[PDB]
Amino acid sequence: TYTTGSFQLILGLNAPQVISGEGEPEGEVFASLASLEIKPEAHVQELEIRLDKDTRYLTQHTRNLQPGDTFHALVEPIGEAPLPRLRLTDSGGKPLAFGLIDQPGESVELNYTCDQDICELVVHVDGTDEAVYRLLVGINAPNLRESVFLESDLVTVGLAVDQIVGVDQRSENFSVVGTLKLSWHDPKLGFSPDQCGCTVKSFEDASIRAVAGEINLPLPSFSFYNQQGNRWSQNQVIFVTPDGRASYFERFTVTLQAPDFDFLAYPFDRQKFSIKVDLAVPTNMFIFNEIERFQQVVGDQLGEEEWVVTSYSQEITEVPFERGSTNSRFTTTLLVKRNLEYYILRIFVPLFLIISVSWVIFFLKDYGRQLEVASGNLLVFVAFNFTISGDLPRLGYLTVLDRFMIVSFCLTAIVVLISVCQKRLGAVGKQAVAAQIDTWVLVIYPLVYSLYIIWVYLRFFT
Amino acid sequence: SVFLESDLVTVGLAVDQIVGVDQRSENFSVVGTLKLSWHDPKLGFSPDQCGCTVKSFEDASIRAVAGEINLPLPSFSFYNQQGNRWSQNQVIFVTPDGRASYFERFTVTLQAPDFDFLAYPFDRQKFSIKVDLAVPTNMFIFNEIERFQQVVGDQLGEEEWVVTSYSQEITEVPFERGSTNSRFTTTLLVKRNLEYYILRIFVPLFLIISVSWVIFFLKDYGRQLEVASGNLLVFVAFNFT
Ligand SMILES: [Ca+2]
Ligand SMILES: [Ca+2]
């Protein structure tokens with residue numbers, strides 16, 4: 001490949017000390033730059049820009065200009081959009097030129113010439129008196145009638161999840177173990193091998209912020225948006241190639257807040273585990289551009305897990321940033337569900353059998369036995385309820401399971417009340433009414449249970 | 001003006017989530033955001049000396065920045081803070097004219113000895129967050145309140161505590177070494193979920209009591225005695241459930 005960088009050139013005429021590399025300037029000059037003999041090379045760039053309702057002001061930064069250079073810019077709307085104002089300022093905000101509306105009043109143009117040793121310019125386009133405009137800019141190109149701007153550095157990102165290690169249903173947070181990777185290109189980080197005799201330079205056990213502060217160069221630092229407390233990190237390394245290609249690697253264990261949890265439909269609920277990585281720099285410096293899948297996003301492990309992942313996705317977006325501008329965001333989302341067989345077999349079948357015991361006793365015609373069995377079955381129900389109390393999260397609000405337990409307990413107690421009434425009726429000599437009540441209860445109870453189940457399904461799952 | 005004047009500070013606070021309440025030690029934990037803004041000509045700089053329009057400090061407290069630049073700044077603390085405070089996105093940035101602002105995302109635990117649980121579960125409580133300046137009132141004073149977001153944010157799903165109303169106010173309190181310091185207070189009025197307690201406790205209790213009431217219609221007193229004895233055991237079982 002070729003190479004890039006700055007250089008120092010020493011030329012001598014009949015001065016044998018030059019080949020030592022230490023020749024100090026002397027005598028009268030004899031050579032000059034060749035490019036000065038011809039017209040300077042022009043650079044031209046065109047951009048399409050749009051001023052949304054909340055984004056009526058736009059600014060762009062230019063590359064450095066050498067003394068004697070010239071700058072030209074013009075703006076022409078795509079359609080019937082009104083002509084915006086155009087102006088040019090340096091990096092401090094000092095005005096240098098203002099746009100002039102042409103006599104065929106469809107465009108605005110600007111011109112400037114460089115006096116200082118180094119000039120850094122900013123182009124302002126504003127319509128704050130879906131409009132879309134065409135912006136044309138050139139250096140040493142007066143023929144604009146018939147890259148100049150700086151470009152953001154592109155970052156590649158990737159993330160993999162190894163294990164979900166905990167979920168807190170009262171404080172609404174979860175913890176995850178995984179791996180993160182970043183990669184970008186920066187010519188300012190390049191070095192010359194002959195000064196170190198090596199091809200790879202590395203930094204270990206340091207955050208990107210610390211390395212950036214040590215080498216005094218801007219780097220794409222990041223943070224987890226919903227991080228709770230400190231983060232544990234292993235195998236943290238940064239290494240750079242002579243061309244300037246850099247990469248970051250980290251293995252992390254972190255706890256993330258998740259206020260989006262909703263446990264109303266427990267245990268039939270479905271949840272989302274979202275992991276957000278945000279750059280700590282403005283979008284005009286660094287931006288996420290590509291997604292790399294270095295491993296499986298969701299890793300398989302031996303044995304069963306409490307949460308089963310159904311699907312996942314990865315996406316890049318932009319979010320508002322402090323001190324204006326914008327910062328990039330990388331999001332990983334996992335869709336998870338619980339193990340249904342566990343809850344069904346552990347809770348619902350025994351509950352059904354307990355309910356059946358209280359239902360079947362109405363076939364008896366000896367009401368004392370019916371009363372005694374109902375009284376015993378209520379105690380059995382309460383004992384089973386606290387036995388399963390361990391799988392009953394205390395959240396401060398009702399779930400589906402709590403409502404079902406309450407309804408079942410109420411019906412079980414009403415059975416005892418009806419049994420007492422039937423016993424009294426049989427004692428007074430009205431056995432026919434007791435038999436009619438038995439038939440009514442035997443018909444009605446399963447209908448009530450089925451109707452309650454239908455109502456719950458309608459009100460919670462559709 | 002002949003006499004020196006205090007610098008005017010604008011403050012704002014937002015609550016994102018209440019993450020826990022301790023009823024025995026009487027404290028609670030909250031997640032939110034804090035913002036400060038003030039103007040000081042001594043912080044001004046010349047753009048041509050940096051080639052920039054904004055100067056920033058990151059991951060540092062106001063006290064540390066004040067000690068680094070050797071100028072007085074409006075430091076602050078949480079009055080009832082328990083233990084260390086977790087902070088994210090901490091930044092201070094200044095404009096050439098001298099306008100400065102502070103930003104912080106925090107998670108903190110605050111003591112609350114004012115809790116009163118006598119009327120449980122029908123009790124109502126106040127969650128109060130107090131921010132005090134660590135400087136005398138003749139140097140810095142809170143002047144205005146900024147509502148940069150909703151004061152109490154909405155979250156998907158139900159919460160254990162329901163916020164009924166809120167308020168924000170600025171006052172003055174006595175300070176060490178005399179004088180006075182400013183205080184900014186945010187108060188949330190909260191209550192519990194009543195349907196949960198009513199349906200989970202009172203209806204089953206009513207049915208259990210009715211079982212012991214109905215048995216007096218019987219004229220076979222052995223059956224009445226046996227059913228009463230069983231119902232007492234059922235009552236104890238439900239109580240420990
Ligand atoms: Ca929630
Ligand atoms: Ca108290």
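So that the names make sense, note that chain A is the first sequence line, chain B the second, and so on, each numbered from 1.
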Between A:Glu322 and B:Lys35, is a salt bridge (charged side-chain N to carboxylate O under 4.0 Å, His left out) present by the stated rule, with each step listed?
CA-CA 11 Å; A:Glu322 291 297 328; B:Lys35 191 175 183 179; 5.8 Å; no
Between A:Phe174 and A:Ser274, the two heavy atoms sitting closest are CZ-O, 3.9 Å
Start with the C-alpha gap between A:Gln370 and A:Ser419, add the side-chain angles, then the distance that decides, and say whether side chain to side chain donor-acceptor pair (under 3.5 Å) holds.
CA-CA 7 Å; A:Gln370 174 184 328; A:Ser419 300; 3.1 Å; yes
If you count every heavy atom of other residues, nucleotides or ligands that lies below 6.0 Å from A:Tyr457 atom OH, does the total exceed 12?
no
B:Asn231 and B:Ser212: side chain donor to acceptor below 3.5 Å:
yes
Could you check if a side-chain atom of B:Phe127 sits within less than 4.5 angstrom of a side-chain atom of B:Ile18, using non-hydrogen atoms only?
yes
Under a 3.5 Å threshold, yes or no: a donor from one side chain and an acceptor from the other, between B:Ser37 and B:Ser101?
no
Could you list the residues that satisfy salt bridge (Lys or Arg N to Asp or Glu O under 4.0 Å) with A:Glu172, not counting sequence neighbours?
none
Residues passing the salt bridge (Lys or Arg N to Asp or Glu O under 4.0 Å) test with B:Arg124, sequence neighbours excluded, are none
Salt-bridged, A:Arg346 to A:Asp391, with N to O below 4.0 Å?
yes
Residues which pass salt bridge (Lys or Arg N to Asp or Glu O under 4.0 Å) with A:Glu318, listed by chain and number, not counting sequence neighbours
none
Using a strict threshold of under 4.0 Å (side-chain N to carboxylate O), is an ion pair present between A:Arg231 and A:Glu250?
yes
So, B:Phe106 versus B:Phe78, ring centres under 6.0 angstrom or not?
yes
Could you tell me whether A:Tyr266 and A:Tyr397 have their ring centroids closer than 6.0 angstrom?
no
With a 6.0 Å cut-off (strictly less than), is the heavy-atom count around CZ of B:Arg183, excluding the residue itself, greater than 12?
yes
Reported CZ-to-CZ distance for the pair A:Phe404 and A:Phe348, which is rounded to 0.5 angstrom
7.0 Å
Classify the side-chain pair B:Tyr102/B:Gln90 by whether it contains a donor and acceptor separated by less than 3.5 Å.
yes
Under 6.0 Å between ring centres, would you say that holds for B:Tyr79 and B:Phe184?
no
For residues A:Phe263 and A:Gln169, report the shortest heavy-atom separation together with the two atoms involved.
CE1-O, 3.7 Å
Hey, does A:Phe409 have a side-chain heavy atom less than 4.5 Å from the side chain of B:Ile208?
yes
